[PDB]
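Residue numbers (the deposited numbering): 3 to 110.
Ideal Cβ placement from N, Cα and C applies to all residues, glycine included.
Okay, structure first, notes after.
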């Protein structure tokens, strides 16, 4: 269990998998996610949104003719998302934001 940027990176960089508490919007949606509520700790106690893919629809991540980008929530407990998010590239690049994708800072 963990919800910190470096914690997710260490966990993933070592076990190449997201912490035992990261489920993407994919499942969050079929699981029964609703905008007029933003559920999470209820249907997923101690869990966070992450594991999808980030089609760099912001021109804020390094691209290449053969690679992929994925996002994941950061610093969460029980409620909804926030402005803290982590971006991990298929090239093993680690990117982090704090204003909600607005700006981005690299960490590893």
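| request: Report buried or exposed for residue 79, applying the criterion of at least 16 other Cβ atoms within 10 angstroms of its Cβ. | output: Within the chain shown, numbered from 1, the residue matching residue 79 stands at position 77. Exposed: under 16 other Cβ atoms inside 10 Å.
| message | Measuring only the C-alpha atoms, how far is residue 107 from residue 36? | response | By one-based count along the chain shown, residue 107 stands at place 105. By one-based count along the chain shown, residue 36 stands at place 34. One C-alpha to the other measures close to 30 Å.
| query | Alpha carbon to alpha carbon, what distance is there between residue 44 and residue 56? | reply | Numbered from 1 along the chain shown, position 54 holds the residue referred to as residue 56. Numbered from 1 along the chain shown, position 42 holds the residue referred to as residue 44. Between residue 56 and residue 44, the alpha-carbon positions lie close to 26 Å from each other.
| field | Cut-off 6 Å between Cβ atoms - residues of its own chain near residue 99, not counting five sequence neighbours on either side | value | Sequence index remark: in the chain shown, residue 99 carries index 97 (1-based). Result list for residue 99: 87, 106, in chain order.
| Who are the near neighbours of residue 40 in its chain, counting only those whose CB is closer than 6 Å to its CB and skipping five residues on each side? | On the chain shown, position 38 is the one that residue 40 refers to. Short of 6 Å from the beta carbon of residue 40, and not among the five residues preceding or following it, lie these beta carbons of its own chain, in chain order: 82.
| task | Identify every residue that forms a DSSP beta bridge with residue 89. | result | Stepping through the chain shown from its first residue, residue 89 is reached at position 87. Secondary-structure assignment with DSSP links residue 89 through a beta bridge to 73, 97.
| query | Roughly how many whole angstroms lie between the Cα atoms of residue 21 and residue 58? | reply | Along the chain shown, read from residue 1 onward, the residue named residue 21 stands at position 19. Along the chain shown, read from residue 1 onward, the residue named residue 58 stands at position 56. Going from the Cα of residue 21 to the Cα of residue 58 covers about 23 Å.
| query | Quick one: what's got a C-beta closer than 7 Å to residue 48's C-beta in the same chain, skipping five residues either side? | reply | Residue mapping note: residue 48 aligns to position 46 of the chain shown, counting from 1. Only 3, 23 meet the Cβ criterion.
| query | Do the CB positions of residue 54 and residue 69 come within less than 8 Å of each other? | reply | On the chain shown, position 52 is the one that residue 54 refers to. On the chain shown, position 67 is the one that residue 69 refers to. No; because the gap between Cβ atoms is not below 8 Å, this pair is not in contact.
| message | When you compare the CB positions of residue 74 and residue 10, do they come within less than 8 Å of one another, or not? | response | For the purposes of this step, residue 74 is identified with residue 72 of the chain shown, where counting begins at 1. For the purposes of this step, residue 10 is identified with residue 8 of the chain shown, where counting begins at 1. Closer than 8 Å, so yes.
| Beta-bridge pairing of residue 53 - partner residues as DSSP gives them | Locating residue 53 in the chain shown gives position 51, where the first residue counts as 1. In the DSSP secondary-structure assignment, residue 53 is not bridged to any residue.
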